[PDB]
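Engineer: Sharing a structure here in structure tokens format.
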Amino acid sequence: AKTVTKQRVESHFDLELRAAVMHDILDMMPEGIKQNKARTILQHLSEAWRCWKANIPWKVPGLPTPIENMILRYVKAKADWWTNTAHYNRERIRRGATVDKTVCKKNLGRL
Amino acid sequence: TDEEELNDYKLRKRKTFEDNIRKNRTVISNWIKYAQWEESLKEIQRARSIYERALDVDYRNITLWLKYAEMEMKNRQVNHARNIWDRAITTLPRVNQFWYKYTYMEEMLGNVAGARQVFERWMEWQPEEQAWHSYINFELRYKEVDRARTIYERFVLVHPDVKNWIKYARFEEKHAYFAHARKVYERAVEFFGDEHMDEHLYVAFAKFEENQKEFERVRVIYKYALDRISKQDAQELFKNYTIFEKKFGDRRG
RNA sequence: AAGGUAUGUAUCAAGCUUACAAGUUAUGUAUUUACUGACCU
RNA sequence: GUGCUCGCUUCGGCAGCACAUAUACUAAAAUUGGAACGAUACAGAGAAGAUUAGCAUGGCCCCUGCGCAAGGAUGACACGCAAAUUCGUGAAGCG
RNA sequence: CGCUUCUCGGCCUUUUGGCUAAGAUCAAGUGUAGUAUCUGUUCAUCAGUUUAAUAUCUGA
Ligand SMILES: [Mg+2]
Ligand SMILES: [Mg+2]
């Protein structure tokens, strides 16, 4: 198997985050017949993250309170990861540890 | 080239469905549509193979089992349908539908002690009311004084429902069972709610003992009245208790 | 060194492989939008 | 086959000693299946306007690479299944 | 006859799936002579004017 090198760091965090929220909603919902219309809680999760980055409030009406507050704790987890990477390699591209262009043009946007 | 186009149609749909199952091995729509597609060819020993390797990926869904069994039961292969019903019910006990359809299949066949054995296995897991009085309904629709007596004392130990206490009082309303029906009423009267009655047992016991004569009917509603619920009854029935006792007796002047 | 001159199919030999198992018409206008004339440095 | 011992009588004949079972047997094949590349002709090119950086996920798809790097068009290949809402049928049970 | 559950069908979101820095950027037309078409818009009785016939003026 293959390690998670620096080019698939961001493409692995989403993978394990949505695996975790997948088998959290798989073990959290009660004995109803359908789970999430096969994907829909994940769509609410990614929409919650897009509204977090854009600071739109994301008040979706009529959502069950366990899934809406698990989406809130997972997007606070991802926002912690995102801004704590923004601080970190902003300081690295300040003193000049890296010259990576993807990192510079990305941390202008993440700031 | 009709054989060529026919085998082309079959090979292209098989290649399509095998690539569809090979992409997603978890969604089971592919196996049931592929297996019933070969069932549409009406002579198969491979749709059995499609279902029997379709439960390697997920045996815990009821849809695959009941659809494979209604496929095998839809055709004359009765021995195979029974021979997969028993592994369905031993593998997945707690799902009611497999037990129901397997009993129903053997009802449409002979009513052999196989069917009763299926039923008593189904009793053995302690199910709900819905199944138990379905089995007593089975014993009534084959007119069993003996066997519906046999399988219904083991009933009441697990469901002490008042709706079921009053329907263990059923040998009265079918056989009249005189002395041992009075013993069924003894069994009704001594158990839970000794001073609190669950406000309902003695209504139906009064209905039968009023359907009976004035043997010992004065006692239970009026003179075994130590066991009250704060008024002995609501307002809904005590004048109805009085006119219930009035006009169905010797009526002495 | 890769990062650019795509890849994916269908027929046609050496490379490699064993040398084996084997018997509602309509106007006036404000007003766009379309359209015409091989119109035009 | 050999060498040695008159060892038993002719150098010659004999006796004993020491030495003790190789090989995918072929220079062939009646031989064998022949996939890659190149040619031939088609198909043609990710992201709801256009030009497009990518990184992933899945496995009966692989190539280059010493690879637990990396690149192979994001390496390719990934499509209509609506479910629950209305209604028909049929079953199980109850009143 | 009524009531609850189960299964089959008649069916009313299904877009190519996910993630990055909304992934990233972009997107010039004239002048002339004429037409067609929307939108906006409004539509009391003579006498002569005029018109194929009709519809302005003036008259009481
Ligand atoms: Mg790819
Ligand atoms: Mg790659």
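If you're wondering about the labels, chains in the structure tokens are A, B, ... by order shown, residues count from 1 in each chain, ligands from 1 in order shown.
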Within 10 Å of range 1-16 of chain C, counting only C-alpha atoms (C1' of nucleotides), which residues qualify if same-chain residues fewer than 3 places away don't, as a list in words?

Structural biologist: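 Listing them by chain and then by number gives residues 34, 36, 37, 39, 40, 41, 42, 43, 44, 45, 64, 65, 70, 71, 72, 73, 75 and 76 of chain D.
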
Engineer: Could you write out as a ChimeraX atom specification the residues of chain A within 10 Å of chain D, counting only C-alpha atoms (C1' of nucleotides)?

Structural biologist: /A:1-5,7-12,14-15,33-34,37-38

Engineer: Tell me, as a list in words, which residues lie within 9 Å of range 28-37 of chain C, counting only C-alpha atoms (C1' of nucleotides); anything in the same chain fewer than 5 positions away does not count.

Structural biologist: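 Near neighbours after the sequence-gap exclusion: residues 33, 34, 35, 36, 37, 38, 39, 40, 41 and 42 of chain E.
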
Engineer: Save the residues we just selected, N, CA, C and O atoms (P, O5', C5', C4', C3', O3' and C1' of nucleotides), as a PDB file, in the first residue's frame?

Structural biologist:
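And here's again01.pdb as it stands now:
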ATOM      1  P     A E  33     -28.449  57.176 -42.977  1.00  0.00           P
ATOM      2  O5'   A E  33     -29.330  56.436 -44.066  1.00  0.00           O
ATOM      3  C5'   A E  33     -29.246  56.813 -45.425  1.00  0.00           C
ATOM      4  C4'   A E  33     -29.815  55.749 -46.321  1.00  0.00           C
ATOM      5  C3'   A E  33     -31.158  55.188 -45.910  1.00  0.00           C
ATOM      6  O3'   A E  33     -32.244  56.018 -46.257  1.00  0.00           O
ATOM      7  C1'   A E  33     -29.726  53.418 -46.432  1.00  0.00           C
ATOM      8  P     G E  34     -33.474  56.159 -45.244  1.00  0.00           P
ATOM      9  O5'   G E  34     -33.978  54.670 -45.034  1.00  0.00           O
ATOM     10  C5'   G E  34     -35.203  54.243 -45.593  1.00  0.00           C
ATOM     11  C4'   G E  34     -35.165  52.797 -46.010  1.00  0.00           C
ATOM     12  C3'   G E  34     -36.126  51.883 -45.294  1.00  0.00           C
ATOM     13  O3'   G E  34     -37.457  52.032 -45.732  1.00  0.00           O
ATOM     14  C1'   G E  34     -34.036  50.832 -45.450  1.00  0.00           C
ATOM     15  P     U E  35     -38.604  52.285 -44.652  1.00  0.00           P
ATOM     16  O5'   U E  35     -38.785  50.865 -43.975  1.00  0.00           O
ATOM     17  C5'   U E  35     -39.901  50.063 -44.295  1.00  0.00           C
ATOM     18  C4'   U E  35     -39.525  48.609 -44.334  1.00  0.00           C
ATOM     19  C3'   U E  35     -40.154  47.738 -43.271  1.00  0.00           C
ATOM     20  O3'   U E  35     -41.475  47.364 -43.576  1.00  0.00           O
ATOM     21  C1'   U E  35     -37.858  47.263 -43.405  1.00  0.00           C
ATOM     22  P     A E  36     -42.633  47.622 -42.510  1.00  0.00           P
ATOM     23  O5'   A E  36     -42.640  46.282 -41.665  1.00  0.00           O
ATOM     24  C5'   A E  36     -42.693  45.038 -42.333  1.00  0.00           C
ATOM     25  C4'   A E  36     -42.083  43.928 -41.520  1.00  0.00           C
ATOM     26  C3'   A E  36     -42.589  43.770 -40.105  1.00  0.00           C
ATOM     27  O3'   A E  36     -43.849  43.136 -40.039  1.00  0.00           O
ATOM     28  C1'   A E  36     -40.255  43.623 -40.104  1.00  0.00           C
ATOM     29  P     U E  37     -44.921  43.592 -38.939  1.00  0.00           P
ATOM     30  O5'   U E  37     -44.298  43.066 -37.581  1.00  0.00           O
ATOM     31  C5'   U E  37     -44.127  41.677 -37.357  1.00  0.00           C
ATOM     32  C4'   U E  37     -43.319  41.439 -36.117  1.00  0.00           C
ATOM     33  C3'   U E  37     -43.950  41.942 -34.840  1.00  0.00           C
ATOM     34  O3'   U E  37     -44.937  41.072 -34.343  1.00  0.00           O
ATOM     35  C1'   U E  37     -41.699  42.620 -34.914  1.00  0.00           C
ATOM     36  P     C E  38     -46.022  41.628 -33.319  1.00  0.00           P
ATOM     37  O5'   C E  38     -45.572  40.991 -31.942  1.00  0.00           O
ATOM     38  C5'   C E  38     -45.710  41.730 -30.747  1.00  0.00           C
ATOM     39  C4'   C E  38     -44.503  41.599 -29.860  1.00  0.00           C
ATOM     40  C3'   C E  38     -44.581  42.371 -28.560  1.00  0.00           C
ATOM     41  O3'   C E  38     -45.364  41.735 -27.577  1.00  0.00           O
ATOM     42  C1'   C E  38     -42.492  42.766 -29.560  1.00  0.00           C
ATOM     43  P     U E  39     -46.592  42.534 -26.942  1.00  0.00           P
ATOM     44  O5'   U E  39     -45.901  43.506 -25.900  1.00  0.00           O
ATOM     45  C5'   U E  39     -45.137  42.981 -24.831  1.00  0.00           C
ATOM     46  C4'   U E  39     -44.202  44.019 -24.278  1.00  0.00           C
ATOM     47  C3'   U E  39     -44.853  45.296 -23.783  1.00  0.00           C
ATOM     48  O3'   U E  39     -45.465  45.196 -22.514  1.00  0.00           O
ATOM     49  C1'   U E  39     -43.025  45.846 -25.147  1.00  0.00           C
ATOM     50  P     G E  40     -46.908  45.861 -22.291  1.00  0.00           P
ATOM     51  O5'   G E  40     -46.613  47.421 -22.226  1.00  0.00           O
ATOM     52  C5'   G E  40     -45.836  47.958 -21.170  1.00  0.00           C
ATOM     53  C4'   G E  40     -45.385  49.363 -21.477  1.00  0.00           C
ATOM     54  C3'   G E  40     -46.490  50.378 -21.720  1.00  0.00           C
ATOM     55  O3'   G E  40     -47.039  50.904 -20.523  1.00  0.00           O
ATOM     56  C1'   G E  40     -44.907  50.543 -23.445  1.00  0.00           C
ATOM     57  P     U E  41     -48.620  51.157 -20.398  1.00  0.00           P
ATOM     58  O5'   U E  41     -48.979  52.007 -21.694  1.00  0.00           O
ATOM     59  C5'   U E  41     -48.738  53.404 -21.748  1.00  0.00           C
ATOM     60  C4'   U E  41     -49.277  53.991 -23.024  1.00  0.00           C
ATOM     61  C3'   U E  41     -50.751  53.742 -23.278  1.00  0.00           C
ATOM     62  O3'   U E  41     -51.599  54.613 -22.553  1.00  0.00           O
ATOM     63  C1'   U E  41     -49.530  53.280 -25.242  1.00  0.00           C
ATOM     64  P     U E  42     -52.701  54.003 -21.556  1.00  0.00           P
ATOM     65  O5'   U E  42     -54.088  54.337 -22.266  1.00  0.00           O
ATOM     66  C5'   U E  42     -54.560  55.673 -22.347  1.00  0.00           C
ATOM     67  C4'   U E  42     -54.762  56.107 -23.776  1.00  0.00           C
ATOM     68  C3'   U E  42     -56.030  55.622 -24.453  1.00  0.00           C
ATOM     69  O3'   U E  42     -57.182  56.364 -24.096  1.00  0.00           O
ATOM     70  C1'   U E  42     -54.181  55.340 -25.910  1.00  0.00           C
TER      71        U E  42
END

Engineer: Apply DSSP to the backbone of this structure and, from range 86-251 of chain B, keep only the residues in alpha helix (DSSP H); write these as number ranges by chain.

Structural biologist: B: 86-91, 96-108, 113-124, 129-140, 145-150, 153-156, 162-168, 178-190, 201-211, 218, 238-246

Engineer: May I have the residues from that selection written out with C-alpha atoms, as a JSON list (two decimals), in the first residue's frame?

Structural biologist:
[["chain", "number", "residue", "atom", "x", "y", "z"],
["B", 86, "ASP", "CA", -34.47, -23.42, 7.01],
["B", 87, "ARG", "CA", -31.05, -21.82, 6.62],
["B", 88, "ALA", "CA", -32.70, -18.40, 6.29],
["B", 89, "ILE", "CA", -34.54, -18.82, 9.58],
["B", 90, "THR", "CA", -31.60, -20.36, 11.42],
["B", 91, "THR", "CA", -29.25, -17.67, 10.10],
["B", 96, "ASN", "CA", -40.59, -12.36, 11.16],
["B", 97, "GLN", "CA", -41.13, -12.55, 7.41],
["B", 98, "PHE", "CA", -39.03, -15.65, 6.82],
["B", 99, "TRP", "CA", -40.91, -17.61, 9.45],
["B", 100, "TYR", "CA", -44.24, -16.31, 8.12],
["B", 101, "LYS", "CA", -43.57, -17.16, 4.48],
["B", 102, "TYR", "CA", -42.10, -20.55, 5.32],
["B", 103, "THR", "CA", -45.11, -21.47, 7.46],
["B", 104, "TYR", "CA", -47.38, -20.12, 4.69],
["B", 105, "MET", "CA", -45.55, -22.23, 2.10],
["B", 106, "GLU", "CA", -46.04, -25.34, 4.17],
["B", 107, "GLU", "CA", -49.71, -24.39, 4.73],
["B", 108, "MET", "CA", -50.15, -24.38, 0.97],
["B", 113, "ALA", "CA", -45.68, -32.11, 11.58],
["B", 114, "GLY", "CA", -42.98, -30.37, 9.58],
["B", 115, "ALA", "CA", -45.23, -27.27, 9.59],
["B", 116, "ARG", "CA", -45.90, -27.62, 13.30],
["B", 117, "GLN", "CA", -42.17, -28.08, 13.83],
["B", 118, "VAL", "CA", -41.47, -24.87, 11.90],
["B", 119, "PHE", "CA", -44.03, -23.19, 14.10],
["B", 120, "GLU", "CA", -42.68, -24.49, 17.40],
["B", 121, "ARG", "CA", -39.18, -23.43, 16.38],
["B", 122, "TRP", "CA", -40.75, -20.06, 15.70],
["B", 123, "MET", "CA", -42.28, -20.17, 19.18],
["B", 124, "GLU", "CA", -38.95, -21.05, 20.74],
["B", 129, "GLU", "CA", -48.23, -11.45, 20.22],
["B", 130, "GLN", "CA", -48.63, -11.16, 16.43],
["B", 131, "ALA", "CA", -46.96, -14.53, 15.83],
["B", 132, "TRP", "CA", -48.21, -16.45, 18.84],
["B", 133, "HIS", "CA", -51.89, -15.94, 18.32],
["B", 134, "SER", "CA", -51.25, -16.52, 14.63],
["B", 135, "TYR", "CA", -50.08, -19.99, 15.62],
["B", 136, "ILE", "CA", -53.13, -20.52, 17.80],
["B", 137, "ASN", "CA", -55.17, -19.36, 14.78],
["B", 138, "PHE", "CA", -53.37, -22.08, 12.81],
["B", 139, "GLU", "CA", -54.33, -24.64, 15.42],
["B", 140, "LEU", "CA", -57.96, -23.43, 15.39],
["B", 145, "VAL", "CA", -58.94, -29.09, 21.02],
["B", 146, "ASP", "CA", -55.79, -30.96, 22.09],
["B", 147, "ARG", "CA", -52.96, -29.07, 20.42],
["B", 148, "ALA", "CA", -54.26, -25.50, 20.79],
["B", 149, "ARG", "CA", -54.56, -26.43, 24.46],
["B", 150, "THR", "CA", -51.00, -27.73, 24.40],
["B", 153, "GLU", "CA", -50.28, -22.54, 28.35],
["B", 154, "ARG", "CA", -46.64, -21.92, 27.38],
["B", 155, "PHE", "CA", -47.99, -18.70, 25.86],
["B", 156, "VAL", "CA", -49.12, -16.88, 28.97],
["B", 162, "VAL", "CA", -54.71, -8.55, 30.05],
["B", 163, "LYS", "CA", -55.94, -8.86, 26.44],
["B", 164, "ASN", "CA", -54.29, -12.29, 26.54],
["B", 165, "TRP", "CA", -55.38, -13.17, 30.06],
["B", 166, "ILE", "CA", -58.97, -12.74, 28.91],
["B", 167, "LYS", "CA", -58.25, -14.82, 25.82],
["B", 168, "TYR", "CA", -56.73, -17.65, 27.73],
["B", 178, "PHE", "CA", -66.64, -26.28, 32.78],
["B", 179, "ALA", "CA", -64.50, -27.18, 35.80],
["B", 180, "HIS", "CA", -61.14, -26.50, 34.20],
["B", 181, "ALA", "CA", -62.54, -23.31, 32.64],
["B", 182, "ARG", "CA", -63.34, -22.24, 36.19],
["B", 183, "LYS", "CA", -59.72, -23.19, 36.88],
["B", 184, "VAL", "CA", -58.69, -20.88, 34.02],
["B", 185, "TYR", "CA", -60.63, -18.18, 35.87],
["B", 186, "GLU", "CA", -58.73, -19.11, 39.04],
["B", 187, "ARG", "CA", -55.49, -18.66, 37.09],
["B", 188, "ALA", "CA", -56.86, -15.34, 35.89],
["B", 189, "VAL", "CA", -57.81, -14.14, 39.35],
["B", 190, "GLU", "CA", -54.68, -14.97, 41.35],
["B", 201, "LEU", "CA", -60.20, -8.80, 33.93],
["B", 202, "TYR", "CA", -63.36, -8.94, 35.98],
["B", 203, "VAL", "CA", -65.42, -7.07, 33.39],
["B", 204, "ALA", "CA", -65.06, -9.98, 30.98],
["B", 205, "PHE", "CA", -65.20, -12.49, 33.84],
["B", 206, "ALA", "CA", -68.48, -10.89, 34.87],
["B", 207, "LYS", "CA", -69.62, -11.08, 31.24],
["B", 208, "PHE", "CA", -69.05, -14.83, 31.16],
["B", 209, "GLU", "CA", -70.38, -15.48, 34.66],
["B", 210, "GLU", "CA", -73.44, -13.38, 33.78],
["B", 211, "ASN", "CA", -73.62, -15.47, 30.63],
["B", 218, "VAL", "CA", -72.36, -11.95, 43.21],
["B", 238, "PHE", "CA", -71.04, 0.92, 37.93],
["B", 239, "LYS", "CA", -74.65, 1.77, 37.14],
["B", 240, "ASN", "CA", -73.94, -0.55, 34.23],
["B", 241, "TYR", "CA", -72.74, -3.04, 36.87],
["B", 242, "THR", "CA", -76.08, -2.66, 38.65],
["B", 243, "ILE", "CA", -78.31, -3.13, 35.58],
["B", 244, "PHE", "CA", -75.77, -5.76, 34.50],
["B", 245, "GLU", "CA", -76.68, -7.79, 37.60],
["B", 246, "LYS", "CA", -80.44, -6.95, 37.60]]

Engineer: Residues near residue 15 in chain D, anyone? I mean within 12 Å using only C-alpha atoms (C1' of nucleotides), not counting same-chain ones fewer than 4 positions away, as a PDB file with C-alpha atoms (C1' of nucleotides), in the first residue's frame.

Structural biologist:
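Saved the output as result_8.pdb:
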ATOM      1  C1'   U D   5      49.710 -59.194  -6.260  1.00  0.00           C
ATOM      2  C1'   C D   6      53.343 -65.767  -9.456  1.00  0.00           C
ATOM      3  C1'   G D   7      48.686 -65.461  -5.596  1.00  0.00           C
ATOM      4  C1'   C D   8      47.688 -70.596  -8.109  1.00  0.00           C
TER       5        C D   8
END

Engineer: Would you pick out the contacts of residue 25 in chain E at 12 Å or less, using only C-alpha atoms (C1' of nucleotides), so that residues sharing its chain but fewer than 6 positions from it are not included, and give the list as a ChimeraX atom specification?

Structural biologist: /D:50-53

Engineer: Now that the selection is made, can you save its residues with C-alpha atoms (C1' of nucleotides) as a PDB file, in the first residue's frame?

Structural biologist:
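Ended up saving to again_1.pdb:
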ATOM      1  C1'   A D  50     -14.984  28.326 -23.282  1.00  0.00           C
ATOM      2  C1'   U D  51      -9.741  27.085 -22.257  1.00  0.00           C
ATOM      3  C1'   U D  52      -8.156  23.970 -18.152  1.00  0.00           C
ATOM      4  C1'   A D  53      -4.010  22.710 -12.863  1.00  0.00           C
TER       5        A D  53
END

Engineer: Skip residue 34 in chain B itself and residues of its chain fewer than 2 positions away, then list as a PyMOL selection string all residues within 10 Å of it, counting only C-alpha atoms (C1' of nucleotides).

Structural biologist: chain B and resi 13-14+16-18+20-21+28-32+36-40+47+50-51

Engineer: Need the shell around residue 82 in chain A: protein/DNA/RNA residues with any atom at most 10 Å away, counting only C-alpha atoms (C1' of nucleotides). Skip same-chain ones fewer than 5 positions apart. Format as a list in words?

Structural biologist: residues 10, 53, 76, 77, 87 and 110 of chain A

Engineer: Restricting the output to C-alpha atoms, write the selected residues as an mmCIF file, in the first residue's frame.

Structural biologist:
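Once written, selection-v9.cif looks like this:
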data_model
loop_
_atom_site.group_PDB
_atom_site.id
_atom_site.type_symbol
_atom_site.label_atom_id
_atom_site.label_comp_id
_atom_site.auth_asym_id
_atom_site.auth_seq_id
_atom_site.Cartn_x
_atom_site.Cartn_y
_atom_site.Cartn_z
ATOM 1 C CA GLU A 10 -5.531 17.114 1.581
ATOM 2 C CA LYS A 53 -15.494 29.089 4.458
ATOM 3 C CA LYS A 76 -15.479 22.583 13.609
ATOM 4 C CA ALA A 77 -12.915 19.777 13.456
ATOM 5 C CA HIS A 87 -1.095 29.514 10.669
ATOM 6 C CA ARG A 110 -6.670 30.298 3.174
#

Engineer: Figure out the distance between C1' of residue 20 in chain E and CA of residue 100 in chain A, please, to one decimal in Å.

Structural biologist: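 Rounded to one decimal, the two atoms are 15.5 Å apart.
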
Engineer: Could you write out as an MDAnalysis selection string the residues of chain E within 10 Å of chain B, counting only C-alpha atoms (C1' of nucleotides)?

Structural biologist: chainID E and resid 5:7

Engineer: Using CA of residue 222 in chain B and CA of residue 250 in chain B as the two end points, give the distance in Å to one decimal.

Structural biologist: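 Calculated distance between CA of residue 222 in chain B and CA of residue 250 in chain B is 18.7 Å.
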
Engineer: For the atom pair CA of residue 235 in chain B and CA of residue 173 in chain B, what is the interatomic distance in Å to one decimal place?

Structural biologist: 28.3 Å
